[PDB]
Amino acid sequence: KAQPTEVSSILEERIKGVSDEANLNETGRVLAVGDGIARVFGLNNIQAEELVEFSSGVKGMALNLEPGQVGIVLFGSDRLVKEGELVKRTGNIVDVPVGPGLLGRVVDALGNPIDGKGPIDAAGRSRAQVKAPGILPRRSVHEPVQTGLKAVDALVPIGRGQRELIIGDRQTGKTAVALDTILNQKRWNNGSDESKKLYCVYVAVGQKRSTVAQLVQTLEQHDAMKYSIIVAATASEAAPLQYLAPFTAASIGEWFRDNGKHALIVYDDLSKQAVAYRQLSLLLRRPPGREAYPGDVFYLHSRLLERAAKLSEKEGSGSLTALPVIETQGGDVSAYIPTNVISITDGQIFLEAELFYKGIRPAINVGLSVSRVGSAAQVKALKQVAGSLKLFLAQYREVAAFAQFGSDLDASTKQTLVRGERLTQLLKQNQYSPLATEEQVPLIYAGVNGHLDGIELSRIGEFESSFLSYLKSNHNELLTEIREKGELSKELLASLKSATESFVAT
Amino acid sequence: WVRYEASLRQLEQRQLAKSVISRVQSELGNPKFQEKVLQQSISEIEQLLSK
Amino acid sequence: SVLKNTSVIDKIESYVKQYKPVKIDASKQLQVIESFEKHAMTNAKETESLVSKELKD
Ligand SMILES: Nc1ncnc2c1ncn2[C@@H]1O[C@H](COP(=O)(O)OP(=O)(O)O)[C@@H](O)[C@H]1O
Ligand SMILES: [Mg+2]
């Protein structure tokens, strides 16, 4: 094992060189270290939110620079640090390693490898706090992000550079729909067209290590870990790490965005980041705002999310897609953090336990789930083609407005109720089963013609699988036509109608 | 076999870390508190020569 | 090449190379399927004779 030997020799030689040329005099001395934060006197030249190295080895970061003393949030436990310990300022604002070598690796908030797969190969270092792109460098979101689930694609499409919030209650499928979005990209990431490749960045802030292991193994099984990036901020890890990990993952995604590549970063949880930052403020002597949350949780969320954008062709035509989460308390959408994040994201995806137990497996609440770019950021074959696919959302809202509670007026009302019930029956999708747009479009079309005569609602689950199999056999020409061309021609619509009639006849 | 070899590398790193305690104890009983002081003093002198 | 102290990759590769002809195709059916076809041909020809004579009638 010559590798540990030469890496130890190189690191120790660098330490010797640093010792030979350090001349650190204004370095600080710790006065009072609290619960994961320390107040240090000195560092008269410290930059704000600049990384520091304590004598015990725990890294720090400077939020509040009071006159004389500065508050250092510790990126780890306060076991090792004691009063009077030397602190070494790194001289640079906190940053995270970025590049293409981060793919296939799991890293902490600071970007250090935690998967035990060796050192991280980074093309460069990007600041954890990076200003979002301006008005001009961005571009209107037009390229869709293929989530692979029928309900979300049809009703709340996500596009490259869009910020769609997966807002929901506890264990209502938030990380689940995040995972289906994550996995569906394997269809294009296994190809060669980088313009369609969509590299993935998961932010596991506040999740437990067992959940992160579940995540990484699940991505490993479905050939997805190679193009995905796991930034894990464990709850046991220090609260500053939880606060910073989404920002560092945002920088990692911005690396792809600025290099002409498209990145999907799922800010899963981010309410745990919110409460971790609340902890940071409430021990940093900062007075809180509402429900003891600090003043800049709105500014924090907005500044973090705005880094996700669709860059213009002049900037490389790259994109960075955000998929934040909000864990509501008892379905309380009308709460400070939820409505705050909804006002940031370009639409939200609502999931409640009500639809989860009612049968809707994606738990897509079509009412409060709205996307800010309906026609754009959607597959042309799925957007309007036959018209009904466009006012699909309005039809769902009507079905909700005249559901079984409303009086069954007449045969038209009965037909509308049947159409709505069959449509919500269709939208249910099994977990870890990303269903492609070339297969989504025939099913959505079948939800407008041939939907009403379905033999029992429960049988539509197997009817969908049989219809996929039917489209696979001597109809793969239609599937590849709608996959490649994107738009649907009149002859294509006629062929799809004929196939639907032939299948519903059987 | 691949992840067995990966675990073998992890185990050899862990055994090196285990031997690190004996390495530390080697200099703990070594009367090192005189040569190290002189070396760090001359290193400080060299450091301040530039400054 | 990623594996350094394999001592077994050569063995499994040699086993796979020796077992490349895993098995030949099973083209056993050459008369019973022909029997089914001759029965089907007889049924079809008698059927169409009956149909043609019935429409002409
Ligand atoms: N297709 C599906 N969509 C959503 N949830 C599903 C699906 N199939 C099963 N589930 C169950 O729903 C739960 C989703 O909760 P999850 O997304 O883990 O929320 P959280 O991460 O906030 O606990 C999972 O525990 C899973 O067992
Ligand atoms: Mg989750």
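Residues numbered from 1 in each chain as written, not as in the entry; some residues may be left out. Chains lettered and ligands numbered in written order. Part of a larger assembly, values for the part shown. Heavy atoms only, no water.

Below, the discussion takes up the overall build of chain A. Scanning chain A from N- to C-terminus turns up 17 helices and 19 strands. For a compact globule of 506 residues, the expected C-alpha radius of gyration is about 23 Å, and chain A comes in at 26 Å, within 12% of that figure. Viewed in the frame of its principal axes, chain A has a C-alpha envelope of about 85 × 50 × 40 Å. For chain A, buried positions account for 52% of its 506 residues. (Helix = DSSP H or I, 4+ residues; strand = E, 2+ residues; numbered from the N terminus. Rg over C-alpha atoms; globule rule 2.2 N^0.38 Å. Buried < 20%, exposed > 50% of the residue type's maximum accessible area, 1.4 Å probe, protein only.)

Attention now goes to the UniProt feature "binding site: ATP" in chain A. Residue and element names in this part refer to chain A. Per the UniProt record, "binding site: ATP" is found at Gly 168, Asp 169, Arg 170, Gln 171, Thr 172, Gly 173, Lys 174 and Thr 175. Checked against the element boundaries, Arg 170 lands in the loop between β12 (165–168) and α3 (174–184). For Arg 170, the residues in contact, after removing those within four places along its chain, are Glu 327, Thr 328 and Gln 329. As for its position among the elements, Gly 173 is in the loop between β12 and α3. (UniProt positions renumbered as here; feature names shortened; annotations may be inferred. Contact = heavy atoms within 4.5 Å.)

So, on to the interface of chain B and chain A. With seven residues of chain B at the interface, the matching set in chain A holds eight residues. Linking chain B with chain A are one salt bridge. Close ionic contact of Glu 12 of chain B with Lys 1 of chain A constitutes a salt bridge, the shortest N to O distance being 2.4 Å. Our count for the contact surface shared by chain B and chain A stands at six residue pairs in polar contact. (Salt bridge = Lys/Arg side-chain N within 4 Å of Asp/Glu carboxyl O. Polar contact = N/O pair within 3.5 Å; in protein donor to acceptor, adjacent residues only side chain to side chain.)

The next point concerns the pairing of strand β15 (residues 262–266) of chain A. Residues and elements named next belong to chain A. Burial runs high along β15: five of the five residues are buried. Of the two faces of β15, the one lined by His 262, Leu 264 and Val 266 and the one lined by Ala 263 and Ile 265 are each fully buried. Taken together, the five bridges between strand β13 (residues 198–205) and β15 define a ladder with parallel strand orientation. Residue pairing in the sheet places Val 201 in a bridge with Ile 265 of β15. Here β15 runs beside strand β16 (residues 319–322); their pairing, made up of four bridges, is parallel. Paired with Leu 264 across the bridge in β16 is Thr 321. (Pairing = 2+ DSSP bridges.)

Before going further, it helps to spend a moment on the site of ligand 1. Residue and element names in this part refer to chain A. All residues in the neighbourhood of ligand 1 are listed as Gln 171, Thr 172, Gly 173, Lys 174, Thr 175, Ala 176, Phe 356, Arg 361, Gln 429, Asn 430 and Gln 431. One nitrogen or oxygen atom from the main chain of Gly 173 is found 3.5 Å from an oxygen atom belonging to ligand 1. Considering ligand 1 on its own, with 560 Å² of exposed area, one finds that the protein chains cover 65% of that surface. For the shell around ligand 1, the element with the highest residue contribution is α3, accounting for three residues. (Near = heavy atom within 4 Å. Areas by Shrake-Rupley, 256 points an atom, 1.4 Å probe, with all protein chains shown as cover.)

Looking now at the sheet that holds strand β14 (residues 228–233) of chain A. Residues and elements named next belong to chain A. Strand order in the open sheet made by the five strands is β8-β14-β13-β15-β16, with parallel pairing throughout. The open sheet has two edge strands with one neighbour each: β8 (106–107) and β16. As paired elements, β8 and β14 share two bridges and run parallel to each other. The residue of β14 that forms the bridge with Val 106 is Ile 230. In the packing of helix α6 (residues 239–258) onto the sheet, the strands contacted are β13, β14, β15 and β16, and the crossing angle to β14 comes to about 160 degrees. (Axes fitted to C-alpha atoms, helices over the stretch in contact; angles between N-to-C directions.)

Quick look at the nonpolar core now. One recurring pattern in soluble globular proteins is that nonpolar side chains are buried together. All names here are of chain A. In terms of nonpolar packing, the biggest core is built from 123 residues, with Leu 219, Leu 244 and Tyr 267 touching the most fellow members. Here this core gets 11 residues from one element, more than from any other, and that element is α6. Ignoring anything within four residues of it in the chain, the contact list for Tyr 267 reads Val 203, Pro 246, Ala 250, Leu 304, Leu 305, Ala 322, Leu 323, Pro 324 and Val 325. (Core = buried A, V, L, I, M, F, W, Y, C linked by side-chain atoms within 4.5 Å.)

Position of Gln 429 of chain A among the secondary structure elements: in the loop between α13 (411–426) and α14 (437–446). When near neighbours in sequence (up to four residues on either side) are disregarded, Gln 429 of chain A contacts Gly 148, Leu 149, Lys 150, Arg 361, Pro 362, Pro 434 and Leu 435 of chain A.

What follows deals with the packing of α6 of chain A against helix α7 (residues 271–283) of chain A. Residues and elements named next belong to chain A. Where α6 contacts α7, the two axes come as close as 8 Å, and the packing angle between them is 130 degrees. Compared by their axis directions, α6 and α7 come out oblique. Where α6 crosses over α7, the handedness of that crossing is left-handed. Residues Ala 239, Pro 240, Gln 242, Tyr 243, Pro 246 and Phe 247 of α6 pack against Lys 272, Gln 273, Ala 276, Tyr 277, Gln 279 and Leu 280 of α7. Grouping the amino acids of the contact of α6 with α7 by side-chain chemistry returns eight nonpolar, three polar and one charged. (Parallel < 35°, antiparallel > 145°, perpendicular 65-115°, else oblique. Left-handed = near helix turned anticlockwise from the far one by under 90°. Nonpolar A, V, L, I, M, F, W, Y, C, P; charged D, E, K, R; others polar.)

Further remarks concern the sheet that holds strand β17 (residues 325–327) of chain A. Residue and element names in this part refer to chain A. Taken in spatial order, the four strands of this open sheet run β17-β12-β18-β19, and their pairing is mixed. The open sheet has two edge strands with one neighbour each: β17 and β19 (370–371). Note: strand β18 (residues 347–351) against β19, two bridges, orientation antiparallel. Paired with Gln 348 across the bridge in β19 is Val 370.

A word on the pattern of salt bridges. Residue and element names in this part refer to chain A. Within the structure shown, the criterion is met by 23 salt bridges over all chains. Across the salt bridge formed by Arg 139 and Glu 313, the nearest N and O atoms sit 3.7 Å from each other. With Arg 139 in the loop between β9 (124–127) and β10 (144–145) and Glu 313 in the loop between α8 (298–306) and β16, this pair connects stretches of sequence that are 174 residues apart. Here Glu 143 ties to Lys 310 by a salt bridge, and the two come within 3.9 Å at their closest N and O atoms. Here the residue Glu 143 occupies a position in the loop between β9 and β10, and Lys 310 occupies one in the loop between α8 and β16, the gap between them amounting to 167 residues. Note on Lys 310: relative accessible area 1%, which makes it buried. Put simply, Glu 254, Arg 257, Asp 258 and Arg 307 are held in one network by salt bridges that share partners.

So, about the interface of chain C and chain B. Residue-level contacts link five residues of chain C with four residues of chain B. At the boundary of chain C with chain B, total buried surface from both sides reaches about 470 Å², with 67% on carbon and sulfur atoms. Of all residues in chain C, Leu 3, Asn 5 and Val 8 of chain C bury the most surface against chain B, accounting for 78% of the area lost on that side. At the junction of chain C and chain B, the tally comes to zero salt bridges. Here chain C and chain B share two residue pairs in polar contact between them. Of the residues belonging to the side of chain C that touches chain B, the class tally is two nonpolar, two polar and one charged. (Buried area = accessible area lost by both parts, 1.4 Å probe.)

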